[PDB]
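Structure first, commentary second.
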Amino acid sequence: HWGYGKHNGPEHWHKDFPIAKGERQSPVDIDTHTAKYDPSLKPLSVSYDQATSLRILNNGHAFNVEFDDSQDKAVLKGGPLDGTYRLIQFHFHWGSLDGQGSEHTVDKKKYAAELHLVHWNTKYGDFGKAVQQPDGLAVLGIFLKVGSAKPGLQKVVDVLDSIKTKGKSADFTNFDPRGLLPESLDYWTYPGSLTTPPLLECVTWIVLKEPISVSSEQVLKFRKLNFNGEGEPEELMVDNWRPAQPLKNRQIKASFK
Numbered sequence: 004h005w006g007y008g009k010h011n012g013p014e015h016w017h018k019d020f021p022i023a024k025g026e027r028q029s030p031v032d033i034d035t036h037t038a039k040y041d042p043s044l045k046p047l048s049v050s051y052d053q054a055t056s057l058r059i060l061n062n063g064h065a066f067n068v069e070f071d072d073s074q075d076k077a078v079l080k081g082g083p084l085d086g087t088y089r090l091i092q093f094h095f096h097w098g099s100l101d102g103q104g105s106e107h108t109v110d111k112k113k114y115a116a117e118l119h120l121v122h123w124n125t127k128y129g130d131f132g133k134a135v136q137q138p139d140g141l142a143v144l145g146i147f148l149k150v151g152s153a154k155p156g157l158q159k160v161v162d163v164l165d166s167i168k169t170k171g172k173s174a175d176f177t178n179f180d181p182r183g184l185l186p187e188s189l190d191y192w193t194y195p196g197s198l199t200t201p202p203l204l205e206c207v208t209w210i211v212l213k214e215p216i217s218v219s220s221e222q223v224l225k226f227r228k229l230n231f232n233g234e235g236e237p238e239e240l241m242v243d244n245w246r247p248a249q250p251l252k253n254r255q256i257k258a259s260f261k
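If you use the entry's author numbering, the sequence shown corresponds to residues 4 to 125, 127 to 261, in order.
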């Protein structure tokens with residue numbers, strides 16, 4: 004099945020998922036000089052005060068922090084979006100080294116990691133229906149650079165020993181995702197896709213310009229996770245990023261000058 008190895012990685016995915024070669028695939032390189040300011044965009048509205056985290060799961064590709072998405076508790080609105088999008092999970096992509104790991108790039112620069120906060124459009129009732137729609141999802145992408153620790157990330161890092169291998173989950177209640185956001189909500193936006201199979205072209209991407217800082221020690225913990233299940237040969241969960249895809253007939257818009 005698909006993964007991030009030599010025989011199963013991103014250049015292979017098209018064989019099982021031909022949309023991998025589609026018209027609106029993600030991630031992309033954000034060419035900052037060609038993005039255009041769009042004064043009609045709004046500020047984004049990130050309303051996470053009522054968020055209810057439930058569980059953290061090693062799914063063999065990443066770890067997901069899952070939320071209760073059965074009511075409007077943690078929602079994204081505004082910006083480029085029409086309507087209300089509910090937070091379902093967040094996860095990361097990261098590298099084996101600090102010079103790689105992000106999926107989006109900025110002027111070809113790769114960050115150490117990238118956080119995806121995944122939200123679905125409430127007009128479609130559930131996640132599985134939303135991914136079948138061109139405006140089904142909104143993903144807030146946040147770059148990670150290595151420097152000072154991110155205090156709000158530590159409780160995530162804390163629990164990773166308990167979900168080392170694929171298929172392991174742990175209770176993860178009362179986690180506040182506000183502690184993972186940078187100071188500024190300035191962003192770029194464009195229409196794209198899931199960055200993992202099934203690669204569906206259902207995402208409005210909102211990529212924040214300001215990275216968060218995490219410490220070496222925090223990233224190093226990410227890199228101790230395993231892609232394998234328990235009692236299988238150990239293969240470190242690193243370099244779980246898809247590279248930039250062709251922009252094709254898209255314009256990236258900026259919320260800022």
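Built from N, CA and C at the ideal position, the CB exists for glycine as well.
Within 8 angstroms, strictly: CB atoms of residue i and residue j
i, j, result
"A258", "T108", "no"
"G86", "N124", "yes"
"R27", "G196", "yes"
"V211", "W192", "yes"
"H64", "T199", "no"
"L118", "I91", "no"
"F20", "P202", "yes"
"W97", "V223", "yes"
"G171", "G233", "yes"
"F231", "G6", "yes"
"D101", "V150", "yes"
"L148", "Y114", "yes"
Enclosing alpha helix (DSSP H) for residue i [first to last residue]
i, result
"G132", "131-134"
"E236", "From DSSP, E236 is part of no alpha helix (DSSP H); its letter is neither H nor E."
First and last residue of the uninterrupted beta strand (DSSP E) at residue i
i, result
"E117", "116-124"
"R58", "56-61"
"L47", "47-50"
"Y128", "Taken as a continuous stretch (DSSP letters only), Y128 belongs to no beta strand (DSSP E), as it is neither H nor E."
"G86", "Taken as a continuous stretch (DSSP letters only), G86 belongs to no beta strand (DSSP E), as it is neither H nor E."
"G145", "141-150"
"residue 1", "The shown model of the chain, from 4 to 261, leaves out residue 1, and the question about it has no answer."
"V68", "66-70"
Cα-Cα separation, residue i to residue j
i, j, result
"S105", "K127", "30 angstroms"
"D243", "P83", "30 angstroms"
"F226", "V121", "19 angstroms"
"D165", "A116", "19 angstroms"
"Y40", "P46", "13 angstroms"
"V143", "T37", "22 angstroms"
"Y51", "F179", "11 angstroms"
"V31", "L251", "6 angstroms"
"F260", "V49", "17 angstroms"
"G132", "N62", "18 angstroms"
"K228", "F95", "14 angstroms"
"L204", "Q255", "19 angstroms"
"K154", "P215", "11 angstroms"
"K9", "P42", "44 angstroms"
"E236", "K168", "12 angstroms"
"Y194", "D139", "11 angstroms"
"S220", "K112", "19 angstroms"
"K213", "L79", "17 angstroms"
"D34", "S56", "35 angstroms"
"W245", "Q74", "31 angstroms"
"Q137", "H4", "25 angstroms"
"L240", "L44", "41 angstroms"
Close Cβ partners of residue i (< 8 angstroms) along its chain, the five nearest in sequence each way excluded
i, result
"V163", "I59, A174, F176"
"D72", "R89, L90, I91, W123, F131"
Own chain residues within Cβ distance below 7 angstroms of residue i, not counting five before or after
i, result
"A54", "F70, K76, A77, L90, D180, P181"
"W209", "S29, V143, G145, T193, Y194, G196"
"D110", "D34, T35"
"residue 265", "Residue 265 lies beyond the range of the chain shown here (4 to 261); nothing can be said about it."
"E238", "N230, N232"
Residues of its chain near residue i, where Cβ-Cβ distance is below 6 angstroms and the 5 sequence neighbours each way are ignored
i, result
"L189", "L47"
"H17", "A23, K24"
"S99", "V242, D243"
"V135", "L204, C206"
"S152", "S217"
Curious, which full-length beta strand (DSSP E) runs of at least 3 residues does the segment 152-231 contain?
-> Segments of the beta strand (DSSP E) lying fully in the segment 152-231: 173-175, 191-196, 207-212, 216-218.
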